[PDB]
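Visitor: Below is a structure I'd like to ask you about.
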Amino acid sequence: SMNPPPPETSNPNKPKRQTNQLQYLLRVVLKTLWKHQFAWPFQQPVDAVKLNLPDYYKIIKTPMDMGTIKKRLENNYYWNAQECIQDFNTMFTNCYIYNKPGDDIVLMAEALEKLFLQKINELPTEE
Ligand SMILES: COc1ccc(Br)cc1-c1nc(N)nc2[nH]cnc12
């Protein structure tokens, strides 16, 4: 054991708002990545116990996953698009930090990240 508590997805102390960019992040970016054949290892927090990765949370100190992101978006947790984009970037970076180039999980992260970059390139101007 043990896993840390997951990242928070609600906090009434955190300022938040809905923006057209955050709506795009949910409706376009997250939906595209979520349906990909390679999304599955990124859809929930790493369970280091079940996966027998005892070093995971010694190495990765700012964990993030698309389950968390989806709930943050659905819960209007974010103040702006940059906060959400930073969560996706943390998710990808963590995978590259923990694993090694050529590992299947890294190939999968790379395929998701490429789609992410393609979709974030068309992030709308703030309304
Ligand atoms: C939720 O994570 C997984 C679920 C099932 C399985 Br099999 C592997 C992972 C996983 N494993 C590793 N080594 N690094 C990761 N980075 C993001 N996912 C992972």
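Labels for the structure tokens follow display order: chains A, B, ..., residues from 1 in each chain, ligands from 1.
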Within 9 Å of ligand 1, which residues show up when you count only C-alpha atoms and all ligand atoms? List them as a VMD selection string, please.
Guide: chain A and resid 40 to 48 50 to 51 53 56 64 to 65 91 to 92 94 to 96 98 to 99 103 105 to 106 109
Visitor: Would you output that residue set with N, CA, C and O atoms, as an mmCIF file, in the first residue's frame?
Guide:
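Output (selection_37.cif):
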```cif
data_model
loop_
_atom_site.group_PDB
_atom_site.id
_atom_site.type_symbol
_atom_site.label_atom_id
_atom_site.label_comp_id
_atom_site.auth_asym_id
_atom_site.auth_seq_id
_atom_site.Cartn_x
_atom_site.Cartn_y
_atom_site.Cartn_z
ATOM 1 N N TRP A 40 -7.456 4.370 -21.699
ATOM 2 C CA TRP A 40 -7.845 3.615 -20.504
ATOM 3 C C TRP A 40 -6.862 3.711 -19.319
ATOM 4 O O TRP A 40 -7.314 3.854 -18.181
ATOM 5 N N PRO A 41 -5.536 3.738 -19.558
ATOM 6 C CA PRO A 41 -4.654 3.899 -18.389
ATOM 7 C C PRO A 41 -4.646 5.293 -17.752
ATOM 8 O O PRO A 41 -3.987 5.477 -16.704
ATOM 9 N N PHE A 42 -5.351 6.241 -18.360
ATOM 10 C CA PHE A 42 -5.344 7.626 -17.950
ATOM 11 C C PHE A 42 -6.710 8.064 -17.442
ATOM 12 O O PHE A 42 -6.942 9.240 -17.149
ATOM 13 N N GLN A 43 -7.624 7.126 -17.350
ATOM 14 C CA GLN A 43 -8.998 7.491 -17.003
ATOM 15 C C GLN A 43 -9.264 7.538 -15.497
ATOM 16 O O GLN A 43 -10.301 7.994 -15.104
ATOM 17 N N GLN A 44 -8.342 7.055 -14.684
ATOM 18 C CA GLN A 44 -8.436 7.117 -13.247
ATOM 19 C C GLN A 44 -7.049 7.316 -12.657
ATOM 20 O O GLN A 44 -6.046 7.048 -13.356
ATOM 21 N N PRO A 45 -6.978 7.730 -11.365
ATOM 22 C CA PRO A 45 -5.727 7.801 -10.650
ATOM 23 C C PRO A 45 -4.983 6.477 -10.654
ATOM 24 O O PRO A 45 -5.576 5.395 -10.638
ATOM 25 N N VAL A 46 -3.673 6.580 -10.799
ATOM 26 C CA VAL A 46 -2.815 5.408 -10.719
ATOM 27 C C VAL A 46 -3.060 4.732 -9.373
ATOM 28 O O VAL A 46 -2.922 5.331 -8.306
ATOM 29 N N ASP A 47 -3.473 3.469 -9.434
ATOM 30 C CA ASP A 47 -3.525 2.648 -8.213
ATOM 31 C C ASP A 47 -2.232 1.882 -8.073
ATOM 32 O O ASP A 47 -2.072 0.765 -8.638
ATOM 33 N N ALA A 48 -1.319 2.483 -7.312
ATOM 34 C CA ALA A 48 0.022 1.925 -7.112
ATOM 35 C C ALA A 48 0.003 0.608 -6.355
ATOM 36 O O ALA A 48 0.914 -0.182 -6.519
ATOM 37 N N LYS A 50 -2.650 -1.835 -6.546
ATOM 38 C CA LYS A 50 -3.101 -2.832 -7.509
ATOM 39 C C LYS A 50 -2.092 -3.094 -8.619
ATOM 40 O O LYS A 50 -1.920 -4.216 -9.054
ATOM 41 N N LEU A 51 -1.416 -2.049 -9.082
ATOM 42 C CA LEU A 51 -0.450 -2.184 -10.133
ATOM 43 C C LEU A 51 0.964 -2.570 -9.639
ATOM 44 O O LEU A 51 1.857 -2.740 -10.441
ATOM 45 N N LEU A 53 3.280 -0.767 -8.006
ATOM 46 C CA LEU A 53 4.191 0.332 -8.285
ATOM 47 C C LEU A 53 4.459 1.104 -6.972
ATOM 48 O O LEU A 53 4.041 2.272 -6.794
ATOM 49 N N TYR A 56 5.709 4.675 -7.078
ATOM 50 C CA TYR A 56 5.011 5.670 -7.941
ATOM 51 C C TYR A 56 4.862 7.023 -7.251
ATOM 52 O O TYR A 56 5.282 8.047 -7.781
ATOM 53 N N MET A 64 -1.978 13.316 -11.654
ATOM 54 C CA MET A 64 -3.130 13.846 -12.354
ATOM 55 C C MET A 64 -3.560 12.817 -13.361
ATOM 56 O O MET A 64 -2.693 12.052 -13.900
ATOM 57 N N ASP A 65 -4.860 12.785 -13.646
ATOM 58 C CA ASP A 65 -5.435 11.813 -14.574
ATOM 59 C C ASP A 65 -6.697 12.429 -15.208
ATOM 60 O O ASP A 65 -7.218 13.427 -14.698
ATOM 61 N N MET A 91 -0.315 15.425 -16.342
ATOM 62 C CA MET A 91 -0.636 14.035 -16.602
ATOM 63 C C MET A 91 0.374 13.409 -17.568
ATOM 64 O O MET A 91 0.949 12.324 -17.317
ATOM 65 N N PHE A 92 0.595 14.085 -18.670
ATOM 66 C CA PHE A 92 1.544 13.570 -19.669
ATOM 67 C C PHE A 92 2.958 13.511 -19.119
ATOM 68 O O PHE A 92 3.613 12.489 -19.207
ATOM 69 N N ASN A 94 4.013 13.419 -16.018
ATOM 70 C CA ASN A 94 4.177 12.382 -15.017
ATOM 71 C C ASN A 94 4.476 11.006 -15.644
ATOM 72 O O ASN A 94 5.348 10.247 -15.171
ATOM 73 N N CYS A 95 3.738 10.682 -16.689
ATOM 74 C CA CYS A 95 3.916 9.399 -17.395
ATOM 75 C C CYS A 95 5.348 9.248 -17.975
ATOM 76 O O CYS A 95 6.004 8.198 -17.831
ATOM 77 N N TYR A 96 5.839 10.320 -18.583
ATOM 78 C CA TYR A 96 7.201 10.319 -19.138
ATOM 79 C C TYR A 96 8.239 10.309 -18.046
ATOM 80 O O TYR A 96 9.285 9.731 -18.227
ATOM 81 N N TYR A 98 7.867 8.885 -14.969
ATOM 82 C CA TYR A 98 7.886 7.637 -14.256
ATOM 83 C C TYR A 98 8.360 6.454 -15.120
ATOM 84 O O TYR A 98 9.101 5.555 -14.651
ATOM 85 N N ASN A 99 7.879 6.410 -16.342
ATOM 86 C CA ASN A 99 8.147 5.301 -17.231
ATOM 87 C C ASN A 99 9.390 5.566 -18.108
ATOM 88 O O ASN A 99 10.148 6.514 -17.881
ATOM 89 N N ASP A 103 8.299 2.317 -23.642
ATOM 90 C CA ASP A 103 7.309 1.515 -22.899
ATOM 91 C C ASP A 103 5.971 1.733 -23.581
ATOM 92 O O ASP A 103 5.702 2.850 -24.003
ATOM 93 N N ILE A 105 3.064 2.229 -22.240
ATOM 94 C CA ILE A 105 2.324 3.324 -21.595
ATOM 95 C C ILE A 105 2.785 4.692 -22.100
ATOM 96 O O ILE A 105 1.945 5.598 -22.277
ATOM 97 N N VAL A 106 4.081 4.814 -22.376
ATOM 98 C CA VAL A 106 4.612 6.032 -23.011
ATOM 99 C C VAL A 106 4.158 6.226 -24.433
ATOM 100 O O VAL A 106 3.768 7.326 -24.795
ATOM 101 N N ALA A 109 0.552 7.449 -24.026
ATOM 102 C CA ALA A 109 0.570 8.865 -23.655
ATOM 103 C C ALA A 109 0.916 9.765 -24.871
ATOM 104 O O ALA A 109 0.290 10.832 -25.090
#
```
Visitor: I need the residues of chain A that end up classed as alpha helix (DSSP H) by DSSP on the backbone, written out as an mmCIF file with N, CA and C atoms, in the first residue's frame.
Guide:
```
data_model
loop_
_atom_site.group_PDB
_atom_site.id
_atom_site.type_symbol
_atom_site.label_atom_id
_atom_site.label_comp_id
_atom_site.auth_asym_id
_atom_site.auth_seq_id
_atom_site.Cartn_x
_atom_site.Cartn_y
_atom_site.Cartn_z
ATOM 1 N N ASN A 20 -16.131 29.948 -22.318
ATOM 2 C CA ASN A 20 -16.208 29.230 -23.595
ATOM 3 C C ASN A 20 -14.988 28.310 -23.844
ATOM 4 N N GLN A 21 -13.824 28.708 -23.340
ATOM 5 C CA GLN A 21 -12.636 27.885 -23.504
ATOM 6 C C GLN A 21 -12.761 26.610 -22.651
ATOM 7 N N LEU A 22 -13.264 26.738 -21.423
ATOM 8 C CA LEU A 22 -13.438 25.564 -20.539
ATOM 9 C C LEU A 22 -14.514 24.645 -21.089
ATOM 10 N N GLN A 23 -15.550 25.219 -21.703
ATOM 11 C CA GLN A 23 -16.533 24.407 -22.384
ATOM 12 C C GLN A 23 -15.931 23.601 -23.551
ATOM 13 N N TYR A 24 -15.080 24.228 -24.356
ATOM 14 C CA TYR A 24 -14.327 23.556 -25.395
ATOM 15 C C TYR A 24 -13.430 22.412 -24.851
ATOM 16 N N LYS A 31 -13.376 14.941 -24.577
ATOM 17 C CA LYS A 31 -14.214 13.899 -25.235
ATOM 18 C C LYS A 31 -13.419 13.115 -26.277
ATOM 19 N N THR A 32 -12.607 13.832 -27.054
ATOM 20 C CA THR A 32 -11.716 13.212 -28.068
ATOM 21 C C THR A 32 -10.707 12.272 -27.422
ATOM 22 N N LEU A 33 -10.033 12.743 -26.379
ATOM 23 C CA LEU A 33 -9.013 11.902 -25.741
ATOM 24 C C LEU A 33 -9.646 10.704 -25.037
ATOM 25 N N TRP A 34 -10.795 10.948 -24.433
ATOM 26 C CA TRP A 34 -11.436 9.962 -23.586
ATOM 27 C C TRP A 34 -11.858 8.732 -24.364
ATOM 28 N N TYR A 56 5.709 4.675 -7.078
ATOM 29 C CA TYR A 56 5.011 5.670 -7.941
ATOM 30 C C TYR A 56 4.862 7.023 -7.251
ATOM 31 N N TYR A 57 4.278 7.013 -6.071
ATOM 32 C CA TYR A 57 3.962 8.262 -5.388
ATOM 33 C C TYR A 57 5.104 8.788 -4.569
ATOM 34 N N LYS A 58 6.238 8.071 -4.584
ATOM 35 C CA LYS A 58 7.563 8.643 -4.134
ATOM 36 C C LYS A 58 8.214 9.472 -5.225
ATOM 37 N N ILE A 59 7.897 9.161 -6.480
ATOM 38 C CA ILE A 59 8.482 9.808 -7.641
ATOM 39 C C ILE A 59 7.565 10.920 -8.147
ATOM 40 N N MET A 66 -7.166 11.851 -16.327
ATOM 41 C CA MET A 66 -8.312 12.413 -16.997
ATOM 42 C C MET A 66 -9.647 12.215 -16.304
ATOM 43 N N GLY A 67 -9.753 11.238 -15.392
ATOM 44 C CA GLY A 67 -10.920 11.109 -14.535
ATOM 45 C C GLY A 67 -11.110 12.344 -13.673
ATOM 46 N N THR A 68 -10.022 12.694 -13.014
ATOM 47 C CA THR A 68 -9.930 13.928 -12.215
ATOM 48 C C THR A 68 -10.264 15.142 -13.046
ATOM 49 N N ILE A 69 -9.622 15.258 -14.198
ATOM 50 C CA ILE A 69 -9.889 16.399 -15.091
ATOM 51 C C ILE A 69 -11.372 16.463 -15.508
ATOM 52 N N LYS A 70 -11.937 15.320 -15.894
ATOM 53 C CA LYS A 70 -13.339 15.278 -16.300
ATOM 54 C C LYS A 70 -14.238 15.776 -15.184
ATOM 55 N N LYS A 71 -13.995 15.287 -13.963
ATOM 56 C CA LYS A 71 -14.796 15.735 -12.827
ATOM 57 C C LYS A 71 -14.606 17.238 -12.532
ATOM 58 N N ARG A 72 -13.373 17.729 -12.604
ATOM 59 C CA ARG A 72 -13.096 19.160 -12.462
ATOM 60 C C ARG A 72 -13.896 19.981 -13.480
ATOM 61 N N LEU A 73 -13.925 19.541 -14.731
ATOM 62 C CA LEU A 73 -14.637 20.283 -15.755
ATOM 63 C C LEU A 73 -16.153 20.245 -15.499
ATOM 64 N N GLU A 74 -16.659 19.057 -15.180
ATOM 65 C CA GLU A 74 -18.079 18.818 -14.936
ATOM 66 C C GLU A 74 -18.541 19.565 -13.709
ATOM 67 N N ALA A 81 -8.857 28.295 -18.585
ATOM 68 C CA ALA A 81 -8.358 27.226 -19.447
ATOM 69 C C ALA A 81 -6.947 26.861 -19.127
ATOM 70 N N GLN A 82 -6.103 27.822 -18.763
ATOM 71 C CA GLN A 82 -4.714 27.449 -18.457
ATOM 72 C C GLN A 82 -4.572 26.408 -17.324
ATOM 73 N N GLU A 83 -5.423 26.540 -16.317
ATOM 74 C CA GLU A 83 -5.465 25.583 -15.173
ATOM 75 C C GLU A 83 -5.718 24.164 -15.637
ATOM 76 N N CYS A 84 -6.668 24.027 -16.545
ATOM 77 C CA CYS A 84 -7.022 22.736 -17.098
ATOM 78 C C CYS A 84 -5.952 22.200 -18.006
ATOM 79 N N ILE A 85 -5.446 23.025 -18.904
ATOM 80 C CA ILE A 85 -4.340 22.640 -19.786
ATOM 81 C C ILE A 85 -3.138 22.199 -18.922
ATOM 82 N N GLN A 86 -2.856 22.896 -17.817
ATOM 83 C CA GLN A 86 -1.763 22.514 -16.971
ATOM 84 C C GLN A 86 -2.024 21.118 -16.397
ATOM 85 N N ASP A 87 -3.266 20.819 -16.005
ATOM 86 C CA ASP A 87 -3.559 19.441 -15.530
ATOM 87 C C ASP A 87 -3.204 18.363 -16.598
ATOM 88 N N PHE A 88 -3.640 18.557 -17.855
ATOM 89 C CA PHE A 88 -3.261 17.633 -18.950
ATOM 90 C C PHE A 88 -1.763 17.532 -19.112
ATOM 91 N N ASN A 89 -1.078 18.672 -19.113
ATOM 92 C CA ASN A 89 0.373 18.603 -19.197
ATOM 93 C C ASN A 89 1.086 17.873 -18.035
ATOM 94 N N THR A 90 0.572 18.053 -16.822
ATOM 95 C CA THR A 90 1.061 17.309 -15.645
ATOM 96 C C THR A 90 0.860 15.821 -15.842
ATOM 97 N N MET A 91 -0.315 15.425 -16.342
ATOM 98 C CA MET A 91 -0.636 14.035 -16.602
ATOM 99 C C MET A 91 0.374 13.409 -17.568
ATOM 100 N N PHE A 92 0.595 14.085 -18.670
ATOM 101 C CA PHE A 92 1.544 13.570 -19.669
ATOM 102 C C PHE A 92 2.958 13.511 -19.119
ATOM 103 N N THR A 93 3.401 14.603 -18.532
ATOM 104 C CA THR A 93 4.725 14.685 -17.965
ATOM 105 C C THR A 93 4.976 13.626 -16.914
ATOM 106 N N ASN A 94 4.013 13.419 -16.018
ATOM 107 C CA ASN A 94 4.177 12.382 -15.017
ATOM 108 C C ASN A 94 4.476 11.006 -15.644
ATOM 109 N N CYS A 95 3.738 10.682 -16.689
ATOM 110 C CA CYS A 95 3.916 9.399 -17.395
ATOM 111 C C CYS A 95 5.348 9.248 -17.975
ATOM 112 N N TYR A 96 5.839 10.320 -18.583
ATOM 113 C CA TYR A 96 7.201 10.319 -19.138
ATOM 114 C C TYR A 96 8.239 10.309 -18.046
ATOM 115 N N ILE A 97 7.954 10.916 -16.903
ATOM 116 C CA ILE A 97 8.907 10.908 -15.802
ATOM 117 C C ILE A 97 9.008 9.512 -15.214
ATOM 118 N N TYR A 98 7.867 8.885 -14.969
ATOM 119 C CA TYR A 98 7.886 7.637 -14.256
ATOM 120 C C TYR A 98 8.360 6.454 -15.120
ATOM 121 N N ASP A 104 5.101 0.719 -23.580
ATOM 122 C CA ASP A 104 3.769 0.830 -24.133
ATOM 123 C C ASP A 104 3.010 2.051 -23.560
ATOM 124 N N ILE A 105 3.064 2.229 -22.240
ATOM 125 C CA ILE A 105 2.324 3.324 -21.595
ATOM 126 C C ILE A 105 2.785 4.692 -22.100
ATOM 127 N N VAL A 106 4.081 4.814 -22.376
ATOM 128 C CA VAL A 106 4.612 6.032 -23.011
ATOM 129 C C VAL A 106 4.158 6.226 -24.433
ATOM 130 N N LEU A 107 4.178 5.170 -25.248
ATOM 131 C CA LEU A 107 3.564 5.236 -26.581
ATOM 132 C C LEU A 107 2.097 5.672 -26.540
ATOM 133 N N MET A 108 1.358 5.206 -25.552
ATOM 134 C CA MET A 108 -0.055 5.560 -25.441
ATOM 135 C C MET A 108 -0.214 7.021 -25.045
ATOM 136 N N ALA A 109 0.552 7.449 -24.026
ATOM 137 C CA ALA A 109 0.570 8.865 -23.655
ATOM 138 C C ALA A 109 0.916 9.765 -24.871
ATOM 139 N N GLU A 110 1.925 9.367 -25.622
ATOM 140 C CA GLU A 110 2.316 10.154 -26.799
ATOM 141 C C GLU A 110 1.190 10.308 -27.846
ATOM 142 N N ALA A 111 0.453 9.232 -28.114
ATOM 143 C CA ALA A 111 -0.707 9.246 -29.016
ATOM 144 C C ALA A 111 -1.822 10.175 -28.486
ATOM 145 N N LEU A 112 -2.158 10.063 -27.197
ATOM 146 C CA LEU A 112 -3.058 11.028 -26.574
ATOM 147 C C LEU A 112 -2.575 12.457 -26.596
ATOM 148 N N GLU A 113 -1.288 12.649 -26.314
ATOM 149 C CA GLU A 113 -0.721 13.996 -26.279
ATOM 150 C C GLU A 113 -0.762 14.627 -27.678
ATOM 151 N N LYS A 114 -0.484 13.851 -28.699
ATOM 152 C CA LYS A 114 -0.573 14.390 -30.060
ATOM 153 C C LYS A 114 -1.987 14.908 -30.396
ATOM 154 N N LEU A 115 -2.995 14.137 -30.038
ATOM 155 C CA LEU A 115 -4.376 14.581 -30.186
ATOM 156 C C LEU A 115 -4.708 15.789 -29.352
ATOM 157 N N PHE A 116 -4.271 15.774 -28.099
ATOM 158 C CA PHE A 116 -4.415 16.947 -27.271
ATOM 159 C C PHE A 116 -3.846 18.219 -27.950
ATOM 160 N N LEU A 117 -2.621 18.150 -28.456
ATOM 161 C CA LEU A 117 -1.996 19.317 -29.101
ATOM 162 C C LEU A 117 -2.807 19.770 -30.341
ATOM 163 N N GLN A 118 -3.278 18.813 -31.104
ATOM 164 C CA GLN A 118 -4.075 19.099 -32.283
ATOM 165 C C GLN A 118 -5.328 19.854 -31.878
ATOM 166 N N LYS A 119 -6.023 19.384 -30.836
ATOM 167 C CA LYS A 119 -7.260 20.055 -30.392
ATOM 168 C C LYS A 119 -6.983 21.397 -29.683
ATOM 169 N N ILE A 120 -5.923 21.484 -28.891
ATOM 170 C CA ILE A 120 -5.683 22.734 -28.188
ATOM 171 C C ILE A 120 -5.217 23.881 -29.126
#
```
Visitor: Just checking: using only C-alpha atoms, which residue out of A:102, A:76, A:123, A:63 ends up closest to residue A:4?
Guide: A:63
Visitor: Enter the distance from atom CA of residue A:29 to atom CA of residue A:10, in Å, rounded to one decimal.
Guide: 21.0 Å
Visitor: To one decimal place, how far is atom CA of residue A:125 from atom CA of residue A:14 in Å?
Guide: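 It comes out at 24.1 Å.
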Visitor: Give me, please, the distance in Å between atom CA of residue A:5 and atom CA of residue A:61, quoted to one decimal.
Guide: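 These two atoms are separated by 12.0 Å.
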